[PDB]
Each structure stands twice: as C-alpha cells, then as structure tokens.
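Protein chains: 2
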Amino acid sequence: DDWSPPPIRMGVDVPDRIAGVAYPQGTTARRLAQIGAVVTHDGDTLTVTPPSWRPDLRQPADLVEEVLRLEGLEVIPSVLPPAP
Amino acid sequence: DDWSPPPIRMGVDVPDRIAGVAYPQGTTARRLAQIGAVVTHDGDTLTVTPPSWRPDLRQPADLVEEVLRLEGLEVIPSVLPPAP
Ligand SMILES: [Mg+2]
Ligand SMILES: [Mg+2]
C-alpha cells in the first residue's frame with residue numbers, strides 16, 4: 412500500500428561539499444522536494460524519502476547528483492587538487 | 412656607554428612555525444636568554460635586545476636560528492610540501 416523507496420539520511424551540506432560550491436541556504440531541501448521527495452530536517456541531517464517513480468535514489472550520492480544537475484554543472488569551479 | 416644592538420620584536424611562536432615543531436612552552440625565551448639577550452614579554456610578542464657580542468642578531472630570522480640550532484635540527488620532522 413506504499414510504493415516509496417526507503418528513506419535516506421544525508422547531511423544538509425553534503426551536496427555543497429561534493430560540488431565544491433556553497434549553494435544558497437535551503438537549495439538541497441528545495442531541489443530534493445522538487446524532484447518529489449519528502450524531506451524532513453532535524454539538526455544538520457536531512458531524512459529524504461524518494462518518490463515511487465525514483466527507485467534510482469538509494470544513497471546520499473544519488474541525492475547529490477539531483478541537486479548538482481538542477482543547479483547546473485557550470486557553477487562548479489575548476490580547482491586543481493594537491494597531488495602528493 | 413651602552414653597546415647593545417637595537418631591540419627586535421618577534422612573536423613568541425615564530426621559531427615553532429619556522430621549525431615545523433611545537434617546542435615546549437618558554438623554549439624561545441629560555442634559549443634567547445641563554446645566548447645573552449634581554450627578553451621581555453608583551454602578550455604573544457617578545458622584545459629581544461641582543462648582547463653586544465652578537466651584532467649578527469638583527470632580525471627575527473636571526474633569533475629563529477639561535478633557537479633552532481640549540482634545540483637541534485634532529486627534532487625538525489621531514490614533510491614533503493604539496494607542490495601545485
Ligand atoms: Mg543518479
Ligand atoms: Mg645567524
């Protein structure tokens with residue numbers, strides 16, 4: 412009687428860290444609700460339940476990709492890493 | 412009638428940073444007094460007046476060399492810098 416995939420816990424700033432971009436406040440919750448997920452917010456952790464048409468959303472990295480592609484890859488800066 | 416060089420202002424933890432070593436508290440003040448300097452404390456800043464037989468002591472780096480050599484170079488660790 413409920414077709415939603417399991418909930419996913421993710422830090423609120425995790426998309427920001429993976430992108431290397433400080434997104435405006437509330438971007439991650441806004442974007443993940445736009446794609447149809449239920450987002451509850453406790454502390455610095457989001458609990459994110461994907462909608463039934465998104466069985467591909469299973470871990471934080473899946474959620475990160477949603478935020479980043481909607482914000483657009485162009486906002487991600489180009490920074491060479493420090494190789495040892 | 413006073414042959415001392417001019418005073419030198421140096422932050423108390425400057426030798427530590429140049430060495431890459433956290434020396435026990437008071438090491439710089441103790442070493443600089445051993446070599447004959449007059450040392451006074453003002454916050455994190457030392458005022459160091461070299462003795463008259465040390466005209467080579469003119470800038471903070473000269474004071475750093477005094478601390479590092481008496482503590483011994485063996486304590487300085489070996490850390491490759493991240494090069495860009
Ligand atoms: Mg994906
Ligand atoms: Mg010297």
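Top to bottom, those sequences are chains B and R.
Heads up: the first sequence begins at 412 in full-length UniProt numbering, then just goes up one per residue.
Heads up: the second sequence begins at 412 in full-length UniProt numbering, then just goes up one per residue.
Think of the CB as a built atom: it goes at the ideal place given N, C-alpha and C, for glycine as much as any other residue.
CA-to-CA distance, residue j to residue i, given in whole angstroms
i: B:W414; j: B:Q445; result: 18 Å
i: B:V490; j: B:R480; result: 19 Å
i: R:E476; j: R:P435; result: 17 Å
i: R:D453; j: R:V486; result: 28 Å
i: B:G437; j: B:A448; result: 15 Å
i: R:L468; j: R:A433; result: 23 Å
i: B:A472; j: R:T439; result: 50 Å
i: B:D455; j: R:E482; result: 46 Å
i: B:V478; j: B:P466; result: 17 Å
i: R:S463; j: B:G431; result: 56 Å
i: R:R442; j: B:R441; result: 60 Å
i: R:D412; j: R:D424; result: 33 Å
i: B:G422; j: B:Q470; result: 12 Å
Contacts that residue i makes with chain B (C-beta to C-beta distance below 9 Å)
i: R:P493; result: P493, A494, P495
Residues that residue i bridges to, as DSSP identifies them
i: B:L491; result: B:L491 pairs with nothing; no bridge assigned.
i: B:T460; result: B:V449
i: B:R420; result: B:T458
CB contact flag (residue i, residue j, <9 Å)
i: R:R428; j: R:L457; result: no
i: R:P417; j: R:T460; result: yes
i: B:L484; j: B:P426; result: no
i: B:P495; j: R:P488; result: no
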